[PDB]
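One structure is given here, and the rest of the page talks about it.
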Amino acid sequence: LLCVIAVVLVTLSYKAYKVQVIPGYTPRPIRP
Amino acid sequence: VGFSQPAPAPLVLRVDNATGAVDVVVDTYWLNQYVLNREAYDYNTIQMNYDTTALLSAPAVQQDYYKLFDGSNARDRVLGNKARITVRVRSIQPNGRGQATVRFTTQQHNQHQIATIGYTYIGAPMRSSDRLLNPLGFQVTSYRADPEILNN
Amino acid sequence: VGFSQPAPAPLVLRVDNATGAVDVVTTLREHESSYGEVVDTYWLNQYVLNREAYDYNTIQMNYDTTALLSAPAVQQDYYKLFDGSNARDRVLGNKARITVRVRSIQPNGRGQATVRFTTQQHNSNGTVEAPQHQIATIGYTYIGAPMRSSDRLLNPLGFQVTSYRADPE
Amino acid sequence: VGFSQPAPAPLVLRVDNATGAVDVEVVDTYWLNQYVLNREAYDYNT
Amino acid sequence: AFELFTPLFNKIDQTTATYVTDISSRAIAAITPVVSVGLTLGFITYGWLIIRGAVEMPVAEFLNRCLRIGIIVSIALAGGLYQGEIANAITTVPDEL
Amino acid sequence: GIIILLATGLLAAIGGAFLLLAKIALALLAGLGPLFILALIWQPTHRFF
Amino acid sequence: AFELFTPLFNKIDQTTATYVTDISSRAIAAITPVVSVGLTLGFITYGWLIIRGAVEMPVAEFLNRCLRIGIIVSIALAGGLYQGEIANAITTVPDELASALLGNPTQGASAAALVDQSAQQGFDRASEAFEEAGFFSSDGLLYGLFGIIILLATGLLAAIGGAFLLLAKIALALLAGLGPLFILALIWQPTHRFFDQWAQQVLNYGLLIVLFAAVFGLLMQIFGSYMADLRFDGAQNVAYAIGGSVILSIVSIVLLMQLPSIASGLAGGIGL
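Residue numbers (the UniProt record's numbering), protein chains in the order written: chain H, 51 to 69, 86 to 98; chain S, 59 to 83, 97 to 181, 190 to 231; chain C, 59 to 227; chain A, 59 to 82, 95 to 116; chain P, 2 to 98; chain V, 148 to 196; chain X, 2 to 273.
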């Protein structure tokens, strides 16, 4: 019974473990 | 143990006779480049400094910056191609958790100021035009530079 | 008693910017350590600006700096501004901010100076309130160099406010 | 042993009369790009 | 072009994922190991106590009831595969329409 | 134009909104599933399943 | 700006406080000392009578029954902290509707505020349509019809949502005010059904307020953003924009209409 429950629990913990950008604004250079 | 033989002396304080300013005798790089490019101006190079400043600024900060070039009092109209601003940083000292103090000067060709910078990093950008300017992701989230009063 | 507690008191070798002359530790610790109009006006400016100003993002440094430049009596008066339901931390919080700039400081005696400055409120909706004008009266001394890295890198001179008030102009 | 503390360590400082200065993997590419732009370029002013 | 239902559906899907699917996955994943070990230890302890105590039929009652509880708990904790089911629902709508 | 707009809009809105209701409800039920599959364990809570 | 749900919610909250909550608070406060002393003296009296003359089970039954009565009366008298629960409800609405499912950082806004902002966006678009109608003296009433459509869609969505929020708040205030009469109904077996029905209605309107807070906040924010993008420039199709507006409105109205039935059905499904 512990063998089977343990394989279930290990598969269960197998699934357990398995489970900034800059701004926008008007252009920096404009015509002089 | 209490003797140690080893003893420690004190950093001397330097007092500027003209400003009364007392000086004790990677982030600092970004803070320097940010302030210099943000505060400086030259009709001939500003497009890069302008875009760089925005690249190193949070949208809130970018907007504050962009606005300096707007209206009749725009840097683009006031300085235009008649006058220019030269900026140099003397010293930067971090003071906490995303915050640093920048001591710098500025002059007009044709003053002493201190900036307080709140900042973070947003990691590497994903555009060639951004990574070749700010690969680290430096970003200013808050910015306020105050000049001295009267002479300074 | 022979332990390494209380090391040599920090010594400021004041350097004259015009002559390069080097000064030494002095009785200024038991007197006004800050000396010279130029130097005192700087400290008075930085004190008022940081004390009166507010920004959620930088206030921790301004807060600690103000305390570092304040006598315990003054520190308590300051700390209290961030207490209760009307605390600056709740009123301004991260919704509004205060910008402060000093126009002029003129010493008037024996540990006393007048600071003329302005202040304004900005907020998250992009608006700005009309600027106000205020005048601070500062009583002060100097306690000499501090003996902690976290203090000497902020107030090496030992500036300390012993009395403070600021009224509308 | 205490009564004869080691000779006071020599103390000396230099003060600059002009500056008032008192005195007792991805990193190479970024530096190279900045150096290249500064190197080939020229402006009397910068 | 006219794009209104694609952005709206993506927005709603993001809200359902962050606030109804992920939270359920986070809770099940956190309890799966602890509940697993606790259930196994409880099985062992109860078996020993009933064979040395309150009357039970080990051959039929204990094994059968333990099997029922085990299958139900296994199915219930297999719901921790929520992403598959949400994507199954996400795939269902377009394939048929 | 107003008549055409209202007809098209109301038809599309009704259909799409009922589709949205179905999707949201199925998502919420799938999320709350395990609490109700666990209800098979005890006889009094079978009605919940 | 557009501010309609904030003043309406504050008005309903003040009304429900001043009558339902304040009457219950003062009435409980007036009787609390009297009932306290009376229950204490009655316990002493009945103890003496049972230990001298009356039928008694001294240590088990009398102490256990006194404990049951005391716990029930203490809980029922804890209703004297009404302001706590009224604030609990009035803050349960905004906390949940703010960022539970929206996923956007919240400055600390509420329900009426968000409804007002989104309705303001819609009504601003309608006002711009009216302005365009004013520009074209003739050949301008088409823009007037556009503005009327925008206004009606925005208004009807906001009205349905806010009115069900108001219904939930008023119902919860009345139920909380009448709560003690139905908590005293657990004393006698025949009056148990009254407490069962009161609890079922409390659950009904709580589920209603939860569902409407969440879903209405999400839908009204989506509608507000969409209308905030709307423009009568030369680059957007007027038909596309107005049609999207009406589709979003009707989609939100019918989804919300399904919610009361869902809340009532869940309350009925829970036994109670």
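For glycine and all other residues, C-beta sits at the position ideal for the given N, C-alpha and C.
>> Can you confirm whether the region 99-118 of chain X touches the region 231-251 of chain X when touching is taken to mean that 3 or more C-beta pairs between the two stretches lie within less than 8 angstroms?
In response: With a cut-off of 8 angstroms, the region 99-118 of chain X and the region 231-251 of chain X do not count as touching, because too few Cβ pairs lie within range.
> Quick one: Cα of residue 159 (chain C) to Cα of residue 17 (chain P), how far?
Replying inline: On the third sequence, position 101 is the one that residue 159 (chain C) refers to. On the fifth sequence, position 16 is the one that residue 17 (chain P) refers to. Going by the C-alpha atoms only, they are around 49 angstroms apart.
> Once you ignore the five residues that flank residue 260 (chain X) on each side, which residues in its own chain have a CB closer than 8 angstroms to its CB?
Replying inline: Here the question's residue 260 (chain X) lines up with position 259 in the seventh sequence. Only 165, 209, 212, 213, 216 meet the Cβ criterion.
> Which residues, in chain order, does the region 242-265 of chain X contribute to contact with chain V at a C-beta distance below 9 angstroms?
Replying inline: For the region 242-265 of chain X, the set of positions with a beta-carbon nearer than 9 angstroms to some beta-carbon of chain V reads 243, 244, 245, 246, 247, 248, 249, 250, 251, 252, 253, 254, 255, 256, 259, 263 in chain order.
> Mind checking if residue 211 (chain C) is an interface residue toward chain A, Cβ cutoff 9 angstroms exclusive?
Replying inline: By 1-based counting over the third sequence, the position of residue 211 (chain C) is 153. It does not; no Cβ of chain A falls within 9 angstroms.
> By Cβ distance, which residues of its chain are closer than 6 angstroms to residue 195 (chain V), with the 5 residues on each side in sequence left out?
Replying inline: Residue mapping note: residue 195 (chain V) aligns to position 48 of the sixth sequence, counting from 1. Excluding sequence neighbours, residue 195 (chain V) sits near 183, 186.
>> So residue 72 (chain S) and residue 73 (chain C) are supposed to be a Cβ contact under 8 angstroms. How far apart are they, rounded?
In response: For the purposes of this step, residue 72 (chain S) is identified with residue 14 of the second sequence, where counting begins at 1. For the purposes of this step, residue 73 (chain C) is identified with residue 15 of the third sequence, where counting begins at 1. At roughly 5 angstroms, the Cβ-Cβ gap stays under 8 angstroms, so residue 72 (chain S) and residue 73 (chain C) are in contact.
> CB residue 175 (chain C) to CB residue 110 (chain C), shorter than 9 angstroms?
Replying inline: Taking the third sequence and counting its residues from 1, one reaches residue 175 (chain C) at position 117. Taking the third sequence and counting its residues from 1, one reaches residue 110 (chain C) at position 52. For residue 175 (chain C) and residue 110 (chain C), yes; Cβs fall inside 9 angstroms.
> residue 128 (chain X) lies in the beta strand (DSSP E); which residues open and close that run?
Replying inline: For the purposes of this step, residue 128 (chain X) is identified with residue 127 of the seventh sequence, where counting begins at 1. Under the DSSP assignment, residue 128 (chain X) falls outside any beta strand (DSSP E), being part of the alpha helix (DSSP H) whose first and last residues are 112-136.
> Between the C-alpha atoms of residue 154 (chain X) and residue 114 (chain S), what's the straight-line distance to the nearest angstrom?
Replying inline: Locating residue 154 (chain X) in the seventh sequence gives position 153, where the first residue counts as 1. Locating residue 114 (chain S) in the second sequence gives position 43, where the first residue counts as 1. Cα to Cα, the separation comes out at about 51 angstroms.
> Per DSSP, residue 164 (chain S) forms a beta bridge with which residues?
Replying inline: Here the question's residue 164 (chain S) lines up with position 93 in the second sequence. According to the DSSP secondary-structure assignment, residue 164 (chain S) is paired through a beta bridge with S:172.
> Is the Cβ-Cβ distance between residue 134 (chain S) and residue 89 (chain H) less than 9 angstroms?
Replying inline: Residue mapping note: residue 134 (chain S) aligns to position 63 of the second sequence, counting from 1. Residue mapping note: residue 89 (chain H) aligns to position 23 of the first sequence, counting from 1. With contacts defined as CB atoms closer than 9 angstroms, residue 134 (chain S) and residue 89 (chain H) qualify as a contacting pair.
>> Could you tell me the alpha carbon to alpha carbon distance between residue 163 (chain C) and residue 182 (chain C), rounded to whole angstroms?
In response: Here residue 163 (chain C) refers to the residue found at position 105 of the third sequence. Here residue 182 (chain C) refers to the residue found at position 124 of the third sequence. Cα to Cα, the separation comes out at about 32 angstroms.
> Do you know how far the Cα of residue 108 (chain S) is from the Cα of residue 64 (chain C)?
Replying inline: In the third sequence, residue 64 (chain C) corresponds to position 6, counting from 1. In the second sequence, residue 108 (chain S) corresponds to position 37, counting from 1. Residue 64 (chain C) and residue 108 (chain S) have their C-alpha atoms spaced approximately 45 angstroms apart.
>> Within the continuous beta strand (DSSP E) that includes residue 192 (chain C), where are the two ends?
In response: Taking the third sequence and counting its residues from 1, one reaches residue 192 (chain C) at position 134. Under the DSSP assignment, residue 192 (chain C) falls in the beta strand (DSSP E) whose first and last residues are 190-200.
> With distances taken from CA atoms, which of S:208, S:196, S:102, S:214 is nearest residue 202 (chain S)?
Replying inline: Taking the second sequence and counting its residues from 1, one reaches residue 202 (chain S) at position 123. Relative to the Cα of residue 202 (chain S), the nearest Cα in the group S:208, S:196, S:102, S:214 belongs to S:214.
> Sorted by chain position, which residues of the same chain lie with C-beta nearer than 7 angstroms to residue 199 (chain S)'s C-beta, five sequence neighbours on each side aside?
Replying inline: Taking the second sequence and counting its residues from 1, one reaches residue 199 (chain S) at position 120. Excluding positions up to five away in sequence, the list reads 169, 218, 220.
> Mind checking residue 56 (chain H): buried by the 16 CB within 10 Å criterion, or exposed?
Replying inline: Counting from 1 along the first sequence, the entry for residue 56 (chain H) is found at position 6. Per the 10 Å Cβ criterion, exposed.
> residue 217 (chain C) lies in the beta strand (DSSP E); which residues open and close that run?
Replying inline: Residue 217 (chain C) sits at position 159 when you count from the first residue of the third sequence. In the DSSP annotation of this structure, the continuous segment of the beta strand (DSSP E) that includes residue 217 (chain C) starts and ends at 217-226.
> When Cβ atoms are compared, which residues of the region 87-105 of chain C fall closer than 7 angstroms to chain A?
Replying inline: Cβ contacts with chain A: none found.
>> Strictly under 9 angstroms for the Cβ-Cβ distance: is residue 104 (chain X) near chain P by that measure?
In response: Numbered from 1 along the seventh sequence, position 103 holds the residue referred to as residue 104 (chain X). At least one beta carbon of chain P lies nearer than 9 angstroms to the beta carbon of residue 104 (chain X).
> Is residue 263 (chain X) helix, strand or coil when you go by DSSP?
Replying inline: Locating residue 263 (chain X) in the seventh sequence gives position 262, where the first residue counts as 1. Helix at residue 263 (chain X).
>> For residue 73 (chain A), would you say it is in contact with chain C, using Cβ-to-Cβ distances shorter than 9 angstroms as the test?
In response: By one-based count along the fourth sequence, residue 73 (chain A) stands at place 15. Residue 73 (chain A) counts as touching chain C.
> Which residue comes first and which comes last in the beta strand (DSSP E) that contains residue 80 (chain S)?
Replying inline: For the purposes of this step, residue 80 (chain S) is identified with residue 22 of the second sequence, where counting begins at 1. Unbroken beta strand (DSSP E) run through residue 80 (chain S): 80-82.
>> Below 8 angstroms, how does it come out for the region 76-86 of chain X and the region 24-42 of chain X: are there three or more Cβ pairs, yes or no?
In response: With the cut-off at 8 angstroms, the region 76-86 of chain X and the region 24-42 of chain X touch.
>> Considering only the alpha carbon of each residue, which of X:189, X:227, X:251 lies closest to residue 242 (chain X)?
In response: Position 241 of the seventh sequence, counted from the first residue, corresponds to residue 242 (chain X). Comparing alpha-carbon positions, the option among X:189, X:227, X:251 lying closest to residue 242 (chain X) turns out to be X:227.
> Where does residue 193 (chain V) fall in DSSP's three states?
Replying inline: The count along the sixth sequence starts at 1 and reaches residue 193 (chain V) at position 46. Helix.
> Quick one, are the C-beta atoms of residue 6 (chain X) and residue 112 (chain X) less than 9 angstroms apart?
Replying inline: Position 5 of the seventh sequence, counted from the start, is the residue given in the question as residue 6 (chain X). Position 111 of the seventh sequence, counted from the start, is the residue given in the question as residue 112 (chain X). Yes, Cβ-Cβ distance for residue 6 (chain X) and residue 112 (chain X) is below 9 angstroms.
>> For a cutoff of 9 angstroms on Cβ pairs, would you count residue 98 (chain P) as touching chain X?
In response: Residue 98 (chain P) sits at position 97 when you count from the first residue of the fifth sequence. Closer than 9 angstroms: no.
>> Taking 9 angstroms as the threshold (beta carbon to beta carbon), is residue 156 (chain V) in contact with chain P?
In response: Taking the first residue of the sixth sequence as 1, we reach residue 156 (chain V) at position 9. In terms of beta-carbon proximity, residue 156 (chain V) stays away from the interface with chain P, with every pair separated by 9 angstroms or more.
> With 9 angstroms set as the bound, which would you pick, yes or no: does the beta-carbon of residue 174 (chain C) sit closer than that to a beta-carbon of chain S?
Replying inline: As a position in the third sequence, residue 174 (chain C) is number 116, starting the count at 1. Yes, its Cβ sits closer than 9 angstroms to a Cβ of chain S.
>> Would you say residue 165 (chain V) lies against chain E (beta-carbon separation less than 9 angstroms)?
In response: Here chain E cannot be found, since the structure's protein chains are H, S, C, A, P, V and X.
> In terms of DSSP beta bridges, what is residue 72 (chain A) paired with?
Replying inline: By 1-based counting over the fourth sequence, the position of residue 72 (chain A) is 14. Bridge partners of residue 72 (chain A): A:81.
>> Against residue 15 (chain P), what residues of chain X qualify as contacts under a CB-to-CB distance less than 8 angstroms, listed in chain order?
In response: For the purposes of this step, residue 15 (chain P) is taken as residue 14 along the fifth sequence, with counting starting at 1. Near residue 15 (chain P) (Cβ distances below 8 angstroms), the residues of chain X are 104.
> Terminal residues of the continuous alpha helix (DSSP H) containing residue 75 (chain P)?
Replying inline: As a first step, residue 75 (chain P) must be located in the fifth sequence, where it is residue number 74. 64-79 is the extent of the alpha helix (DSSP H) around residue 75 (chain P).
> Hey, residue 255 (chain X) and residue 161 (chain V): beta-carbon distance below 9 angstroms or not?
Replying inline: Reading the seventh sequence from its first residue, position 254 is the one you call residue 255 (chain X). Reading the sixth sequence from its first residue, position 14 is the one you call residue 161 (chain V). In terms of Cβ geometry, residue 255 (chain X) and residue 161 (chain V) form a close pair [threshold 9 angstroms].
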